[PDB]
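Working notes, beginning with the structure itself.
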Amino acid sequence: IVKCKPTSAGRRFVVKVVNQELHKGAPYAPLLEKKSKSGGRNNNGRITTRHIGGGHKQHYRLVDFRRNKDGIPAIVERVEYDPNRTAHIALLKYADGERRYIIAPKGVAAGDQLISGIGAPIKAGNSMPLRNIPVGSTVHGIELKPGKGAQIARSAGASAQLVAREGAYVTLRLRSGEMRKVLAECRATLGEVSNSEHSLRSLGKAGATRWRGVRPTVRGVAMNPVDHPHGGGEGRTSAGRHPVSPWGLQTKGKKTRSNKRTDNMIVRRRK
Amino acid sequence: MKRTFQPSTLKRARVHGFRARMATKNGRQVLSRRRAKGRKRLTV
Amino acid sequence: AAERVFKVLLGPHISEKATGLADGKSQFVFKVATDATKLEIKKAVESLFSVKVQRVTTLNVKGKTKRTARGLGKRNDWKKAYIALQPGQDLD
RNA sequence: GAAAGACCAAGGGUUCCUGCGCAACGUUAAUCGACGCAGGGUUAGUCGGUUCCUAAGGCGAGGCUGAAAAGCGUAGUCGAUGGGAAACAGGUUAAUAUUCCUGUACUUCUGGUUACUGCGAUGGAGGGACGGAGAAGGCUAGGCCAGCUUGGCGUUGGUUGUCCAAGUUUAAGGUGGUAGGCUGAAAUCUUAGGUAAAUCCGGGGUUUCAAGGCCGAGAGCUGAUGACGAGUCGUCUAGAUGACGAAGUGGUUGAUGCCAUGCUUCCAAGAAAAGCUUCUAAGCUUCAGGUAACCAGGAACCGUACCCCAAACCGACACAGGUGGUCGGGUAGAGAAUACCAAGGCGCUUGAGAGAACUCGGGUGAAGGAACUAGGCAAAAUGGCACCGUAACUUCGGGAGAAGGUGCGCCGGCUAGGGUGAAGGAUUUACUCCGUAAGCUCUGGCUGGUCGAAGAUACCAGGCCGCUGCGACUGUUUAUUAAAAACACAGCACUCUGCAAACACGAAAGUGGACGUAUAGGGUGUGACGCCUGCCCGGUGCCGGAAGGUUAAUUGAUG
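In the order they appear, the protein sequences are chains A, B and C. Mapped onto full-length UniProt numbering, the consecutive letters of the first sequence carry residue numbers 3 to 273. Mapped onto full-length UniProt numbering, the consecutive letters of the second sequence carry residue numbers 1 to 44. Mapped onto full-length UniProt numbering, the consecutive letters of the third sequence carry residue numbers 2 to 93.
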């Protein structure tokens, strides 16, 4: 973490997260594939998500979320930057050639881990089924379906806490504060995800947003009654309506989860 | 003072060309109207 | 074909440029059929005029467009070969 | 004259050239024309396209979905603005030329013959293959000076000279492998990987050694005792042509070009696929196939004229407009600004007078110096480089070029270096070091003298200061009356969303969100920063809560 000096009016509030353990250039090319931007647009060509546009050209890195290779020890070659995540990625050389990218845990460096059915549950980085990990141990990159790959707790500095095992299931507490019943056969990696100081950075200027591929956000009250329900009015108005989406859904408090297939898997909501 | 017609033969032939009209149902009936009126060109 | 030797060459193009070129170099400008490759108007000159051809160059010519009453009319786009020969050996 | 010059793409489509013409077109006349009539002109293995390959996106066998029409999509196969062979100089004209001619190359294919021979895929690896910025350096084009050749000897002083003018050219490619950049190299043993295999790549172990290797400008030599060359001689009609044709060297300054897809650095983390190198599979009968040599032969089709800071494109016009990319000389200059010019191009298709008011675009202006006016609007002013000096306030970066002041041209005198360069001395004996000297070029420092009213003398080129309102700032907007205090913004907070996410577009399939996963993603309000952000839950919404009343379809008792 470094703070830039106000030598120009745009650098005054840039707070920059700098890591020198990250690898200087040249990502491992057989694990990269092409990725072109969407603009937030559909196969109808329609904007279906506002405020996406521009940014830097990025290769997609083939991050392994499954950790299939059981009983093959993989040393960590290096830890790299990934444009399309907030975390960092570790490059793992398995004991039989076989380089793969994973999500890096804390303790990123050239050490060793072996994703398997039984091995070293105090090493942050070993991936296991949720049956044979202890209760109370912090995990990340949890599968929801066996063989689907990691889906939960995989942003920068994110983790879940395993709280109770019973039956074919196991309960773990998520970073959002909600208790989730997850299957016991599905897997998780011991530890906590790498770039945990990501939340301390300040972009600093209007154009550090635009080179993330985020187009500006124009408010509802700045518009006309044709454009938004928050709409017109003489002078500054206040959106005399209750606050609302551009499509008319209420904004400030109204619950929108209507799944009802998976309600039994959720044993405690965000409270 | 840039004007509204900026010519390109490729954009010409791909928006209004023969095969573009005969790709869709409505362009095929553009050609059948424009052939029923008896026009000399019918693909402009 | 046994034919197509008699169909490709359409006559010597007569002009001042063709005349000075036939005198100075050994190159004879023939009007040829509008789909004639360089080797089938090399075999035809070797077949019909009994010479040895060393090179043929070609060029499509756009027919000119004349204005009158009832609009623009176009002349036929035609084709033109230059037949380089050995430095003796002038064809007839 | 960073174009009003030369050129490429697009777009146009004969406007190009030559004869004949002048009705109409040309804002006038026209013998002229981008106009009329008729002829001619566009030459490619190498320049562009096709062909090979793919991006966005399209279409899409079957397939999922949809009243129908159709939508979306897998295999696929189109799709360049990107990637894949190779030609350069000189001649030639009315008009084409990297295309024709001449000379010298280069790349790739086909058919042969010779010899030894593991060939083989789309499949595996390799490679192609790539960001922003910032720099050293090393060269080269080009520039300039000197020498050399040829001509000259000046309409008015001088000009045989230490004078003037012109010219002092030569490409690709071969050979060279240099400055420089990256890099461990070889042998052997093994192997849970690269969805089969693999002698290839990846992984592991062992042994020896320090220089291999792979790139890579440019100089040199060769291309080239050739072409080009001021001109001479000769023929003939002031010129067209044949032969001959002088000098053709050295020093400096040098790029925005090349080494260089290099190197350093930073986050925003920087195309695919083929050609190419390599590996085996299925097979071959291991003739075929491969690999070198040699010989003969080939490289299709299409575009090429002309216009592109435009009278030929887009603007109804021969219209002060617009239109992508490339080159870029001298002197002054930081400069591609600007001024005068070179090569080159042009006099903008109505002129002649005249010299009123008024109108426009300028020049100067007595004495005042904003009294003008809604308002210093306009104008006038300031304007550079070096040095000195510079306030409040401040987020410590600023403010600040604050404010203000001094020097500036020319010619000498004396004096400090820098860079090229090399007479010779070293040995790893040559594209090498060291280092003399001149010559060339680049900066000083100090003192004089001197001319003008005036020395950043022209063009060029900040006016400044003091209170305050608003918005933190850079940015955006009402194409064509509003550029702002409006929008955006970093930052902030609320709220939703556990993944087949909330949400959006879709009668749906599907797709975006996202190949992301709560430090994530949507919505909303506020708008850097500093100090803060008080009271109210009645209304309305949102969230939760019992379970009492009410309550719909559906039930169908009873009368």
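The beta carbon of each residue, even a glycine, is placed where N, CA and C say it ideally should be.
Checklist entry - Which first and last residues belong to the alpha helix (DSSP H) in which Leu22 of chain C is found? => result As a working mapping, residue 22 of chain C is identified with position 21 in the third sequence. Segment 17–25, the alpha helix (DSSP H) holding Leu22 of chain C.
Next on the checklist: Once the 5 residues before and after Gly12 of chain C are set aside, which same chain residues still bring their CB inside 6 Å of it?
Outcome noted: As a working mapping, residue 12 of chain C is identified with position 11 in the third sequence. Cβ within range, chain order: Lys32.
Item to check | For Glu168 of chain A, the first and last residue of its enclosing beta strand (DSSP E) | outcome: Mapped onto the first sequence, residue 168 of chain A falls at position 166. Segment 162–168, the beta strand (DSSP E) holding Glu168 of chain A.
Item to check | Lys44 of chain C versus C:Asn77, C:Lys67, C:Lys8, C:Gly64, residue with shortest Cα-Cα distance | outcome: For this step, residue 44 of chain C is matched to residue 43 along the third sequence. The residue with the shortest Cα to Cα distance from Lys44 of chain C is C:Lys8.
Item to check | CB-CB length for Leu185 of chain A against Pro148 of chain A, believed under 8 Å | outcome: By one-based count along the first sequence, residue 185 of chain A stands at place 183. By one-based count along the first sequence, residue 148 of chain A stands at place 146. Right, the Cβ-Cβ distance comes to about 7 Å (below 8 Å), so this counts as a contact.
Next on the checklist: For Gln6 of chain B, count the other beta carbons within 10 Å of its own beta carbon; 16 or more makes it buried, fewer makes it exposed. Which is it?
Outcome noted: To locate residue 6 of chain B, count along the second sequence from 1; it is residue 6. Its Cβ having fewer than 16 others within 10 Å, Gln6 of chain B is exposed.
Next on the checklist: Within 10 Å of its beta-carbon, does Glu4 of chain C have 16 or more other beta-carbons around it, so buried, or fewer, so exposed?
Outcome noted: In the third sequence, counting from the first residue as 1, residue 4 of chain C sits at position 3. Burial call: exposed.
Checklist entry - With burial defined as no fewer than 16 other Cβ atoms inside 10 Å of the residue's Cβ, what is the status of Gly143 of chain A: buried or exposed? => result Here residue 143 of chain A refers to the residue found at position 141 of the first sequence. Buried.
Item to check | Range of the contiguous beta strand (DSSP E) that encloses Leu10 of chain B | outcome: Position 10 of the second sequence, counting from 1, holds the residue named residue 10 of chain B. Here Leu10 of chain B belongs to no beta strand (DSSP E); instead the alpha helix (DSSP H) covers 9–16.
Item to check | Beta-carbon contacts of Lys53 of chain C that lie in its chain and below 8 Å, excluding the five residues immediately before and after | outcome: For this step, residue 53 of chain C is matched to residue 52 along the third sequence. Cβ neighbours of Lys53 of chain C beyond the five flanking positions: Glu47, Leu86, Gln87, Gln90.
Checklist entry - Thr59 of chain C lies in the beta strand (DSSP E); which residues open and close that run? => result The residue labelled residue 59 of chain C in the question sits at position 58 within the third sequence. It spans 54–62 - the beta strand (DSSP E) in which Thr59 of chain C sits, taken as one unbroken run.
Item to check | Three-state secondary structure (DSSP) of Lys5 of chain A | outcome: Locating residue 5 of chain A in the first sequence gives position 3, counting from the first residue. It is a strand residue.
Checklist entry - For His142 of chain A, which beta-bridge partners are listed by DSSP? => result Residue numbering aside, residue 142 of chain A sits at position 140 when the first sequence is read from its first letter. In DSSP, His142 of chain A forms a bridge with A:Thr191.
Next on the checklist: For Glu82 of chain A, report the span of its beta strand (DSSP E) as first-last.
Outcome noted: Here residue 82 of chain A refers to the residue found at position 80 of the first sequence. Residues 76–82.
Next on the checklist: Quick check: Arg175 of chain A and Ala162 of chain A, are their CB atoms within less than 9 Å of each other?
Outcome noted: Here residue 175 of chain A refers to the residue found at position 173 of the first sequence. Here residue 162 of chain A refers to the residue found at position 160 of the first sequence. For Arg175 of chain A and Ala162 of chain A, yes; Cβs fall inside 9 Å.
Checklist entry - In three-state DSSP terms, what is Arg76 of chain C? => result Counting from one through the third sequence, the residue named residue 76 of chain C turns up at place 75. Note: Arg76 of chain C maps to coil in three-state DSSP.
Checklist entry - Got a sec? Which residues, its chain only, sit under 6 Å from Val269 of chain A by beta carbon, not counting five neighbours each side? => result Looking up residue 269 of chain A in the first sequence gives position 267. Closer than 6 Å at Cβ, skipping near neighbours: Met181, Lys183.
Item to check | Assumed close pair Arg63 of chain A, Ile104 of chain A - CB separation to whole angstroms, cut-off 8 Å | outcome: Looking up residue 63 of chain A in the first sequence gives position 61. Looking up residue 104 of chain A in the first sequence gives position 102. That belief does not hold up - the Cβ atoms of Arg63 of chain A and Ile104 of chain A are roughly 10 Å apart, past 8 Å.
Item to check | Pick from A:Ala111, A:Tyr171, A:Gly233 that is closest to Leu146 of chain A, judged by C-alpha positions | outcome: Here residue 146 of chain A corresponds to residue number 144 of the first sequence, with the count starting at 1. Residue A:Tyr171 is the option with its Cα nearest to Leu146 of chain A.
Item to check | Nearest-angstrom beta carbon gap, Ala97 of chain A and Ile74 of chain A [assumed within contact, 8 Å] | outcome: Along the first sequence, read from residue 1 onward, the residue named residue 74 of chain A stands at position 72. Along the first sequence, read from residue 1 onward, the residue named residue 97 of chain A stands at position 95. The pair is a contact, with the Cβ atoms about 5 Å apart (cut-off 8 Å).
Next on the checklist: For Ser247 of chain A, tell me which candidate among A:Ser260, A:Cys188, A:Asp229 has the shortest Cα-Cα distance.
Outcome noted: Sequence index remark: in the first sequence, residue 247 of chain A carries index 245 (1-based). Among A:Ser260, A:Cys188, A:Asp229, the Cα nearest to that of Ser247 of chain A is on A:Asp229.
Item to check | Bridge-paired residues (DSSP) for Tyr30 of chain A | outcome: Numbered from its first residue, the first sequence carries residue 30 of chain A at position 28. BP columns for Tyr30 of chain A are empty, so no partner.
Checklist entry - If you run the structure through DSSP and keep just helix, strand and coil, what is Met267 of chain A? => result The residue you call residue 267 of chain A lines up with position 265 of the first sequence. In this structure, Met267 of chain A counts as helix in the three-state DSSP scheme.
Next on the checklist: Let me check understanding here. Comparing Cα to Cα, which of A:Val78, A:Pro123, A:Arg14, A:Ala111 lies closest to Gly138 of chain A?
Outcome noted: Here residue 138 of chain A is taken as the residue at index 136 of the first sequence, counted from 1. Nearest option by C-alpha distance: A:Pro123.
Next on the checklist: Pop quiz: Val141 of chain A and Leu192 of chain A are said to be a contact at Cβ under 8 Å. What is the actual Cβ separation, rounded to whole angstroms?
Outcome noted: Reading the first sequence from its first residue, position 139 is the one you call residue 141 of chain A. Reading the first sequence from its first residue, position 190 is the one you call residue 192 of chain A. 6 Å between Cβ atoms; contact.
Checklist entry - What does DSSP give as the partner residues of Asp114 of chain A in its beta bridges? => result Here residue 114 of chain A is taken as the residue at index 112 of the first sequence, counted from 1. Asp114 of chain A is bridged to A:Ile77.
Checklist entry - Where does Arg80 of chain A land, buried or exposed, given buried means 16+ other C-beta within 10 angstroms? => result Translated into positions along the first sequence, residue 80 of chain A becomes position 78. Looking at its Cβ environment, which holds 16 or more other Cβ atoms inside 10 Å, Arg80 of chain A is buried.
Next on the checklist: The beta strand (DSSP E) that contains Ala210 of chain A, what's its start and end?
Outcome noted: By 1-based counting over the first sequence, the position of residue 210 of chain A is 208. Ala210 of chain A -> not in any beta strand (DSSP E); alpha helix (DSSP H) instead, spanning 208–212.
Item to check | Reduced DSSP secondary structure (H/G/I, E/B, other) of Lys44 of chain C | outcome: Residue numbering aside, residue 44 of chain C sits at position 43 when the third sequence is read from its first letter. Here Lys44 of chain C sits in helix by DSSP.
Checklist entry - Excluding the five sequence neighbours on either side, which residues of its own chain have a C-beta within less than 7 Å of the C-beta of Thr51 of chain A, listed in chain order? => result Mapped onto the first sequence, residue 51 of chain A falls at position 49. Excluding residues within five positions, the ones whose Cβ falls inside 7 Å are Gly42.
Item to check | Residues sharing a beta bridge with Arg272 of chain A, DSSP | outcome: Within the first sequence, numbered from 1, the residue matching residue 272 of chain A stands at position 270. None, per the DSSP bridge assignment.
Item to check | Per DSSP, cross-strand counterpart(s) of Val172 of chain A | outcome: Looking up residue 172 of chain A in the first sequence gives position 170. A:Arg167, A:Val184, per the DSSP bridge assignment.
Next on the checklist: With a threshold of 7 Å on Cβ separation, who are the neighbours of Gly12 of chain A within its own chain once the five nearest residues in sequence on each side are excluded?
Outcome noted: Position 10 of the first sequence, counted from the first residue, corresponds to residue 12 of chain A. Excluding residues within five positions, the ones whose Cβ falls inside 7 Å are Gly206, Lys207.
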